6 protein chains.
Amino acid sequence: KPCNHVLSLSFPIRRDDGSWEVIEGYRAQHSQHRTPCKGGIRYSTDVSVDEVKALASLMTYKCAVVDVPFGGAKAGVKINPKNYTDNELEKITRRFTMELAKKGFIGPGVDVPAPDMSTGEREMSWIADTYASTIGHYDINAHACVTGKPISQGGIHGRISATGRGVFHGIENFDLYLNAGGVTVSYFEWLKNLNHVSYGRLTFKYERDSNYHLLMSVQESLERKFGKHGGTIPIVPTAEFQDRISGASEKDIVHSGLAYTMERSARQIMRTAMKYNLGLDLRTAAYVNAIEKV
Amino acid sequence: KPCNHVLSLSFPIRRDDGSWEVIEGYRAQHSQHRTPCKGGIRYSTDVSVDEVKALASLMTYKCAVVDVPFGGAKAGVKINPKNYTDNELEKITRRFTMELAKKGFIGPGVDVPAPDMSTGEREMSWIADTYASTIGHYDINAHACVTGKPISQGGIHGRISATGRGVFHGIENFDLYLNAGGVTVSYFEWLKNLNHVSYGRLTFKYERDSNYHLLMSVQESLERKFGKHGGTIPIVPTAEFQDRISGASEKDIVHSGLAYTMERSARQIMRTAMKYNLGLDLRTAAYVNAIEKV
Amino acid sequence: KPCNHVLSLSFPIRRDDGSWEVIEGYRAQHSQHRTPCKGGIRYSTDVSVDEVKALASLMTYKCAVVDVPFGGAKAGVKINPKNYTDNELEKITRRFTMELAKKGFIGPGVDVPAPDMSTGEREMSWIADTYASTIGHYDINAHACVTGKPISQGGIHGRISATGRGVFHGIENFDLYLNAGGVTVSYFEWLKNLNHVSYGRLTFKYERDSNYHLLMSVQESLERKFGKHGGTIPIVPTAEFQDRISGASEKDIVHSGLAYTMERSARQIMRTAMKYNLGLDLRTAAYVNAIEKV
Amino acid sequence: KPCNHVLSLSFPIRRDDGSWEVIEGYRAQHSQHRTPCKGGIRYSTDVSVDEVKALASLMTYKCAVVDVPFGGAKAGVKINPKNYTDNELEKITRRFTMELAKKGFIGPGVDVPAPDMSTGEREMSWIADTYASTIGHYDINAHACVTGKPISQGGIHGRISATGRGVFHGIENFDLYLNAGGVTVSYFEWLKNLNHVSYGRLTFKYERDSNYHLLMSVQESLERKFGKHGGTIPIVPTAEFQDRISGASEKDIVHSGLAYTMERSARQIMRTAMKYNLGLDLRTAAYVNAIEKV
Amino acid sequence: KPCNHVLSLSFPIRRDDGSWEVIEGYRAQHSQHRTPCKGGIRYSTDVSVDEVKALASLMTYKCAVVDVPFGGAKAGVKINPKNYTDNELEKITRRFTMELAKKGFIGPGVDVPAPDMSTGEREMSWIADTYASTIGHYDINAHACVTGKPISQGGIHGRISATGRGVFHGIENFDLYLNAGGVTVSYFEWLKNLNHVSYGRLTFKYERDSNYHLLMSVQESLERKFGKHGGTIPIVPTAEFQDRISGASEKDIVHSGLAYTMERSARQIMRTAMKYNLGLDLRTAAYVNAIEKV
Amino acid sequence: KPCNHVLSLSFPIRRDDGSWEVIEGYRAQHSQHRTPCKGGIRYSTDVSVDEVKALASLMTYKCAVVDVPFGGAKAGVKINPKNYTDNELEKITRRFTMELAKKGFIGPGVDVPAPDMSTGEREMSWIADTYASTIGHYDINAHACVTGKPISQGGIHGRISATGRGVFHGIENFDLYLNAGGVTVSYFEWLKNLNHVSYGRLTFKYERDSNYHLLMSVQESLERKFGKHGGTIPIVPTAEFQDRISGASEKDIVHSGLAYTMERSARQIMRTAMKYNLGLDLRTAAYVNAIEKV
């Protein structure tokens, strides 16, 4: 129920006009039983220690809903991002990564941060370049230290739509559940980085040649009936399936992993309200279900 | 032929009534040419150094039969497990993990232990929590340090039936061979842990939508012949195949990996008795075949 | 444009008749933005620092063409391999691995060397055994420290044909592009080593049973039309597809990954000459395309 | 002025009657500019985060007074030590060491804890055995991870009197200054542990034979004047000096290092009130002097 | 005779007006038989690879003259320091430290750099803060990573006069020899940092009380002759000796270590020209003597 | 009473005529409570596991007698050294170091081996170069990995006479005690290596100038009595004391540390037979005394 580890920080920065400023930041890790911990960084004046603690507990229970094997974590850095040039926002981000890293609050097997509304993919690149260039130079998994990175830096396709797409797939099955599409795809991104290759890379051509052989096999079976030469035409794929094969990419595998996730989590939550026999409240069912797993 | 490394140990425990006891234990690693080494822990009074050495050699040759890229290892701890409360059995296990760990006799790239009849999955959880909480906190692969864990801790589906199921698949092809189904699935568990995701997780929904497109493609090919609207029905899967798609899980992939393993090992052993032309003895063929690879 | 890191070396060896010899060697790493770096070792008298620097830049741009996420690297050791017995060629190789390793110029997350015409797979085994037995004993990825190894040591199937096969697939789509088939398969080998299992190992039996179910499903769909018992025979695969299923191995997956690679790189290079609208020169298009990505 | 790092913790313990209890603890590190950080652990119900933060700042300024090159740190564990058997007090201490260690809040180059009134030398042994047996097994400096240990475990002679003795030497020169005798001797203990040998061990016999030669040399100089055989007797040491030589131990060197420390710090504080020309207030002089150095 | 390792580098910096600049740098390590290597960093346009190689060989032979157990090393960064603001000179220095560190060309057990005419103590602080804050945070010896630091950062007293003072002591005994006073004191600084305490810190008060006891002992020996009470006064020290005891500091121990060094090296060089019987050339004697030891 | 860890090994070597040989070796560590462990390596056919175990227990108790803070250890390699050329004896030694190193049976904070009658200082150099060049390249303490090295490699002066000299000093005070002079000086060698400077290096000139000032101070005290100019001559040292000052080296400090050791151990053993009041048996007194400390 409480957080295993909460790291409060203060670090100095040179403001861009030469002024001196102390930056205060936090990261709470919740359940070390599940490693790595996973969670976003918020830049706001409103960030307090108890907020990140509250959000790291909720992240644990959200990861458990969708069977993402991460512990909960949350960070916040008390700044108003609109008052800082992008110069210093690099320094604030870079140094904050550095102070968490020394203390074991960031790493691919330890704690994997994510963006928030206040935090973008460019802050993810800085966090990733920081770790990769100091603590994690020799680590092969260093580019799994953070998720929400841009494609060129190890990001993943289908991340923009992930939460909106998961809300959709969550309902079609029918906050702790519908909102877990971003958590799920961040897990896929972390896996992709650990895999060092994109999904399907080796499998697409193999599959498509297997799909051809099966339609080609159905002809020579139907032609052993009625005498022809390529005369009956099972050989051909349909229109939406040919544009499936010629377009198959990483984001297709991310879509199906996310759909299979939101599908399987919805049947467990229903089974959770088929045991206590809760009513139409799916909230308490999801928490009962998440706490059950944790 | 002999063991590269044999670690003999003695460590004190406080007995549960306050008594003092020295616990004696062993782990033999056989071939360091193949890393990690892999093998079970026995709790028996009968465990001797030469026993674990004998069983670590045999494990090397058994892993080579089925093309499991592990070296052989074996451990034993000289205790009668029935004389100890589960309290101290935790301490004996935990400390024994700790003393092997310091010396490089346990780790996911080093040596991966397994249970025996005397050793269960709860001892695997203790070994895993011990390593993960001391030596392996920052290691991303720390939960691959041991196999035979429970599903909630990183175990694998289809482990209960693995040896019985492999005996079956080994014969249908037709001790060092038939008994390797547990060795094979422990390898799959170790891979699963290294993968950090369960098998099929991302692939099931993608495959099932590919399977639908192919039956849907065979209609619109047969309907371009005879004029209809969805009138001829290739669209539908058969009864055992629909319960394949709607039920596909990790243990289905474990089953097929194990079957493909026992199948491929049986054809190599037959080819091994098609070279020397041994007779119906498949034993010496399997050893010739294992020593050949090692 | 220049190399981030160039390591010049000198190390003594005892010649095989007792003489004393200083061996001079180099490794240039090009872009640390992309890790690990990847490149071959040349044994020649002609090897100079500026040569390996030139070839490490070109390797970066060649890896970027085919979307192999490696930085460029190159090594050379100034010796005429024909003047040394295989005894000392082991020592020269082994010690050179050792001096690069101490300095972070060889490792699976750092720098992954490959053979050249002057360098074989036996030198890869020595490099791999050296790293695995000193620096990388506890590293789980130590056998990814080098590519071009023999199958028994972690090599990959389809490496002999990789460059010749990629030249072919590169043209059928229509030096920096056609020559990247070896670079691509070395990436697949590195991935295989990081995966610790061969490609398809778990997937072949599963796929083949899925392929059977689909042809078996097309019968019971065509037999729900015309009354029979197994009378119409979609069940059967064609002749080249049955020898696909019964023969499916790792090299089939390597072939398709390589074809999918050379296919996707050719469409990007064409799109690169559909933007500037270069003419039939595909060279400058490939460099524009590689520099674009880097 | 604020603390660089504050680690808040919660960890479960099994109470000695089987009950379940969450233990809350803190460690604040103040100035990372000076490493390692140094400070005590308090067991009290009164321990709060702001208390340990306040006491870690003061410890920084106290170490700077006496030129002890440590940063400030403080820990507290919110428990009433009188409600726990020594059994669980071992577990609370041991696990708290373990959770700080994973996060880089305990170590000989990182953070070196000390006792308090609530914390004894037996808790120091547990902290030291914990670190030495998990995180620090291969660290040569692992027994410098904590100070205030018992002599048999690496403690130091003259620690019991250190603070009382420093109060004395501080006044004879004439809270932040007089109280620094324990801080100073803990630094000497940390040095002793880093030295791996006790003070004087190699120097006592050498010095005493040098002292003999000098008195023996003064004879043969006075006897070259007046004719004798060993007749005039400079040879002999005085009574308090002979019991100096025959008794010289580590605590004699600790005494003089502490006296030389309290002596040199008093002249700097006086010089600090000879610059601003503060009056008889030596407090503000000591803070001006400590902040000056930091 | 040649250098074991030469690291050539290029790294980008943002110029202070926004321009982009590639900075080229080198470090040659000479004899790895002696670790750590030791040598200065030059900032000049004139720095070439063969220059730093030449100066790293000479540094090896200079360290061997005075029995400083360091290997030779040298660095240079090709820039004109007068064209850069101190802002970017921090970045050039900081990043250059970072690129050497990743490759094992800077560290307290590896390679310890020093200043030159072009390089000051503020560049030493940046190098030291860089290492201590990235690679060496947990290293207890991280502040030994570089010498020539300022006293507040771990510098040593008597460094300003070291070379001028060694030239003096070298002659009073009577380039590779007379110039080794800075090399010798840098070794003392490195030792001081490894000791974590300044020289004499614990020994001054102890010695002075031993010196008092000996003069006090000579009285009570001369007073056992002629009857008095404190009447004859051996008790008192002379004028230059009392200002020795009341002033004794670290730089007194550095002076004597340096004098004892230049004294012992001069007698070995003379003995080197008493074996070949070279003439008044002390140069070739010093090289014969240095090569002899190496 | 038993050994905490016993490592049995087998490793292949190529015999010098091309033959193949498996070499069997052992190292027993006794008490991990005291780290590092310390003990010699024997090359004999007679070496058995129980022998090295017996000798590692005795080494623990011998180190405790003389207050050398090492645990006991012992190694043996079953070979007749007279049947091997020095070529292969390098390989046997080098590889045996390598296999112990991987397993944490050799290191400066772990286990520090020593020679035996069968093992020399050249085997110590090989062990040291092996560790320093693989496992311990970046370790600053790597040259403390072994004792009994030659002076040029980090050996210590006064090691040849250490055991004979300790037998002498042990008796002058009046097997487990008299034989501990080699154990004591090996501890001094290990300390010297950890210190990275030889004993007295910085202290000799300082001391000698302090000794001069004291004799010079006794004049100006005796001359304030009787009117002279340098007329009375306390200034001069005696004949054995001047050859003390002009000859003072490391072996003088080793002598006095060893004498102070054998002196202090003899008074504890006498006090051990003044408590039980054993008779003239000093054996059982020494064991009672050693077991008391352990």
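Asks: Got a minute to help me understand the sheet that holds strand β5 (residues 111-114) of chain B in this structure?
Replies: Either a parallel or an antiparallel arrangement is found when strands of a sheet pair, and the pairing is made through backbone hydrogen bonds. With mixed pairing, the 10 strands of this open sheet are ordered in space as β5(B)-β3(B)-β4(B)-β2(B)-β1(B)-β1(F)-β2(F)-β4(F)-β3(F)-β5(F). The open sheet is flanked by β5 of chain B together with β5 (111-114) of chain F, the only strands paired with a single partner. Ignoring which end each strand starts from, the neighbouring axes of this sheet average 20 degrees apart. Where strand β3 (residues 37-44) of chain B meets strand β4 (residues 71-78) of chain B, 6 bridges bridge the pair, whose relative direction is parallel. Among the inter-strand pairings, B:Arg42 is bridged to a residue of β4(B), identified as B:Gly76.

Asks: Which parts of the structure should I look at to understand helix α6 (residues 204-222) of chain F?
Replies: An α-helix turns once per 3.6 residues; consequently, residues spaced three or four apart project the same way. Between its terminal C-alpha atoms α6(F) stretches 28 Å, which fits the 27 Å expected from 19 residues at 1.5 Å a residue. With 15 of 19 residues buried, α6(F) lies mostly within the body of the structure.

Asks: Before we go on, may I ask you to explain the relation of the copies chain A and chain C in this structure?
Replies: Both copies of the chain are placed relative to one another by a rotation about an axis and a shift along it. Here chain A sits on chain C after a turn of 120 degrees about the axis and a move of 0.0 Å along it, with an RMSD of 0.0 Å. Viewed as a symmetry operation, the transformation between the two copies matches a three-fold axis.

Asks: For this particular structure, what's the right way to read the arrangement of the chains?
Replies: Separated in space, chain C and chain D share no contact, their closest pair of C-alpha atoms being 15 Å apart. In this view chain B stays clear of chain E, with the nearest C-alpha atoms of the two still 15 Å from each other.

Asks: Honestly, unusual backbone geometry in this entry has me stumped. Any pointers?
Replies: Excluding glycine, residues mostly have negative phi values, and the peptide bonds linking residues are mostly trans. The linkage connecting B:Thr35 with the following residue, B:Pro36, adopts the cis geometry, with an omega of -5 degrees. Along the chain, B:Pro36 falls in the loop between β2 (20-29) and β3. Backbone geometry places A:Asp67, a non-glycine residue, at a positive phi of 60 degrees. Taking the relative accessible area as the measure of exposure, A:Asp67 reaches 26% and is therefore partly exposed. The backbone phi angle of E:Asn277 is positive, close to 50 degrees, even though this residue is not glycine. Judged by relative accessible area, E:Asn277 falls into the exposed class, the value being 60%.

Asks: Is there a simple way to think about a nonpolar patch on the surface in this case?
Replies: Residues A:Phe174, A:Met270, A:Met274 and A:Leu282 make up a contiguous nonpolar surface patch of roughly 390 Å² in combined accessible area. Within the secondary structure layout, A:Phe174 lies in the loop between α4 (162-172) and α5 (181-195).

Asks: Explain α5(A) to me, please; I cannot follow it from the model alone.
Replies: All names here are of chain A. In this model α5 runs 21 Å from its N-terminal to its C-terminal C-alpha over 15 residues, within 8% of the 21 Å that 1.5 Å per residue would give. Buried residues dominate α5, accounting for 13 of its 15 residues. In the stretch just after α5, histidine 196 is the one whose phi turns positive, near 70 degrees.

Asks: Is there a simple way to explain the sheet that holds strand β3 (residues 37-44) of chain A in this structure?
Replies: A sheet is described by the order of its strands in space; here 10 strands give the open sequence β5(A)-β3(A)-β4(A)-β2(A)-β1(A)-β1(D)-β2(D)-β4(D)-β3(D)-β5(D), paired in mixed fashion. Unpaired on one side and paired on the other, β5 (111-114) of chain A together with β5 (111-114) of chain D mark the two borders of the sheet. Taken over all neighbouring pairs, the strand axes of this sheet differ in orientation by 20 degrees on average, direction set aside. Pairing geometry for strand β2 (residues 20-29) of chain D and strand β4 (residues 71-78) of chain D, over 5 bridges, is antiparallel. Along β4(D), the bridge assignment pairs D:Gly25 with D:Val77. This element, helix α1 (residues 49-65) of chain A, spans β1 (5-14), β2 (20-29), β3 and β4 (71-78) of chain A of the sheet and lies at about 155 degrees to β4(A). Along the sheet, helix α2 (residues 86-102) of chain D makes contact with β1 of chain A together with β1 (5-14), β2, β3 (37-44) and β4 of chain D, crossing β1(D) at roughly 140 degrees.

Asks: Honestly, the interface of chain A and chain C in this entry has me stumped. Any pointers?
Replies: At the interface, 27 residues of chain A touch 46 residues of chain C. For the pair chain A and chain C, the summed buried surface comes to about 3,000 Å²; carbon and sulfur atoms form 60% of the total. By the criterion of area lost to chain C, the three top residues of chain A are A:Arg201, A:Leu202 and A:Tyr206, representing 26% of everything that side buries. Counting every contact that joins chain A to chain C gives 1 salt bridge. We note a salt bridge from C:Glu263 to A:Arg208, for which the minimum N-O separation is 3.8 Å. One can count 10 residue pairs in polar contact joining chain A with chain C. At 15 residues, the largest contribution of residues to the side of chain A that touches chain C is made by helix α6 (residues 204-222) of chain A. Its residues assigned to classes, the side of chain A that touches chain C shows 11 nonpolar, 8 polar and 8 charged.

Asks: I'm lost on the packing of helix α6 (residues 204-222) of chain D against helix α8 (residues 250-273) of chain F in this one. Help?
Replies: Packed helices, taken two at a time, are described by the angle their axes make and the gap between the axes. Interhelical geometry of α6(D) versus α8(F) gives an angle of 105 degrees and a closest axis separation of 7 Å. With respect to α8(F), the axis of α6(D) lies roughly perpendicular. Of the residues in α8(F), those touching α6(D) at D:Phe204, D:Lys205, D:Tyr206 and D:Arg208 are F:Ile253, F:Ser256, F:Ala259, F:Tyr260 and F:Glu263. In terms of residue class, the contact of α6(D) with α8(F) is built from 5 nonpolar, 1 polar and 3 charged.

Asks: Mind showing me how you'd approach the environment of E:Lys293 here?
Replies: Residues and elements named next belong to chain E. With respect to the element layout, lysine 293 can be found in helix α9 (residues 283-293). Residue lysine 293 is classed as partly exposed on the basis of its relative accessible area, which comes to 31%. Once you skip the residues sitting within four places of it in the chain, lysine 293 turns out to touch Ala64, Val65, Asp67 and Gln268. Reaching out from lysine 293, the side chain makes a polar contact with the side chain of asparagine 289 at a distance of 3.0 Å.

Asks: Is there a simple way to explain the packing of α6(D) against α6(F) in this structure?
Replies: Interaxial distance between α6(D) and α6(F) falls to 11 Å at its minimum, and their mutual angle equals 35 degrees. Remark: the crossing between α6(D) and α6(F) carries right-handed chirality. Facing D:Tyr206, D:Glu207, D:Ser210, D:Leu214, D:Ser217, D:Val218 and D:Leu222 of α6(D), the residues of α6(F) in contact are F:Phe204, F:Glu207, F:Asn211, F:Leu214, F:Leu215, F:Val218 and F:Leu222. Classifying every residue of the contact of α6(D) with α6(F) by side-chain character gives 9 nonpolar, 3 polar and 2 charged.

Asks: Would you explain the packing of aromatic side chains in this entry?
Replies: Aromatic ring pairs: the centre-centre distance and the angle between the two ring planes describe each pair. All chains considered together, the criterion is met by 42 aromatic pairs over all chains. Judged by centre distance (6.1 Å) and plane angle (40 degrees), the rings of B:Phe11 and B:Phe96 are tilted. On the criterion of sequence distance, the pair formed by B:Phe11 in strand β1 (residues 5-14) and B:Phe96 in helix α2 (residues 86-102) is long-range, its members being 85 residues apart. Summarising the burial analysis for this pair, B:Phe11 and B:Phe96 share the class buried. Aromatic ring contacts, followed pair by pair, group A:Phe70, A:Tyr187, A:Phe188 and A:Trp190 into a single cluster. Seen from the ring of F:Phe105, B:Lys103 lies directly overhead, with NZ or CZ sitting 4.5 Å from the centre.

Asks: What's the story with the pairing of β1(D) in this structure? I'm lost.
Replies: Put simply, side chains in a regular strand alternate between the two faces of the sheet. Where burial is concerned, most of β1(D) is hidden: 8 out of the 10 residues are buried. Bridging between β1(A) and β1(D) involves 5 bridges; their strand directions are antiparallel. Bridge pairing links A:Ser8 to D:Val6 in β1(D). As paired elements, β1(D) and β2(D) share 10 bridges and run antiparallel to each other. The residue bridging D:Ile13 from the neighbouring strand is D:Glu21, located in β2(D). Between the antiparallel neighbours β1(D) and β2(D) lie 5 residues, among them D:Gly18 with a positive phi of about 100 degrees.

Asks: Please clarify how the side chain of B:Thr130 should be interpreted in this entry.
Replies: Mapping B:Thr130 onto the fold places it in helix α3 (residues 121-133). In contact with B:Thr130, not counting residues within four places along its chain, are B:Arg94, B:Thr97 and B:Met98.

Asks: Mind showing me how you'd approach the state of the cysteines here?
Replies: A covalent bond between the sulfur atoms of two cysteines is what we call a disulfide. Residues and elements named next belong to chain B. Applying the stated criterion to the full structure yields 0 disulfides over all chains. Between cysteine 63, a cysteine without a disulfide, and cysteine 37, which holds the nearest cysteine sulfur, the sulfur-to-sulfur distance is 9.0 Å. The buried category is assigned to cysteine 63, whose relative accessible area is 0%.

Asks: Explanation requested: the pairing of β3(B) in the structure shown.
Replies: Residues and elements named next belong to chain B. Counting buried positions over the 8 residues of β3 gives 6, a clear majority of the element. In this sheet, β5 lies alongside β3 in parallel orientation, the contact comprising 4 bridges. Note that in β5 the partner of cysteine 37 across the bridge is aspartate 111. Taking the sense of rotation as the criterion, the β-α-β connection linking β3, helix α1 (residues 49-65) and β4 turns out right-handed.

Asks: When you look at the pattern of salt bridges in this model, what are you seeing that I'm missing?
Replies: One side chain can pair with another of opposite charge once the charged atoms of both are near each other. Scanning the entire structure with this criterion turns up 90 salt bridges over all chains. Of the charged contacts, one joins C:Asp129 and C:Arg94 as a salt bridge, the two residues approaching to 2.3 Å between their closest N and O atoms. Taken together, the residues span a long stretch of sequence, with C:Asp129 in helix α3 (residues 121-133) and C:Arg94 in helix α2 (residues 86-102) at a distance of 35 residues. Exposure remark for C:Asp129: the relative accessible area of 37% places this residue in the partly exposed category. Between E:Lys102 and E:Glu99 there is a salt bridge whose closest N-O contact spans 3.5 Å. Taken as a pair, E:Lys102 and E:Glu99 lie in helix α2 (residues 86-102) at a separation of 3 residues, close to a single helical turn.

Analysis parameters
- Residues numbered from 1 in each chain as written, not as in the entry; some residues may be left out.
- Chains lettered and ligands numbered in written order.
- Heavy atoms only, no water.
- Pairing = 2+ DSSP bridges.
- Helix = DSSP H or I, 4+ residues; strand = E, 2+ residues; numbered from the N terminus.
- Axes fitted to C-alpha atoms, helices over the stretch in contact; angles between N-to-C directions.
- Expected span 1.5 Å × (residues − 1).
- Buried < 20%, exposed > 50% of the residue type's maximum accessible area, 1.4 Å probe, protein only.
- Least-squares fit on C-alpha atoms.
- Contact = heavy atoms within 4.5 Å.
- Patch = residues over 30% accessible without salt bridge, like charges linked within 9 Å, V, L, I, M, F, W, Y side chains within 5 Å.
- Areas by Shrake-Rupley, 256 points an atom, 1.4 Å probe, with all protein chains shown as cover.
- Salt bridge = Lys/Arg side-chain N within 4 Å of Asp/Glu carboxyl O.
- Buried area = accessible area lost by both parts, 1.4 Å probe.
- Polar contact = N/O pair within 3.5 Å; in protein donor to acceptor, adjacent residues only side chain to side chain.
- Nonpolar A, V, L, I, M, F, W, Y, C, P; charged D, E, K, R; others polar.
- Parallel < 35°, antiparallel > 145°, perpendicular 65-115°, else oblique.
- Left-handed = near helix turned anticlockwise from the far one by under 90°.
- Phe/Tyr/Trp six-rings, centres within 6.5 Å; stacked < 30°, edge-to-face > 60°.
- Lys NZ or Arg CZ within 6 Å of the ring centre and 35° of its normal.
- Disulfide = S-S within 2.5 Å.
- Right-handed = clockwise from strand over helix to strand, strands pointing away.

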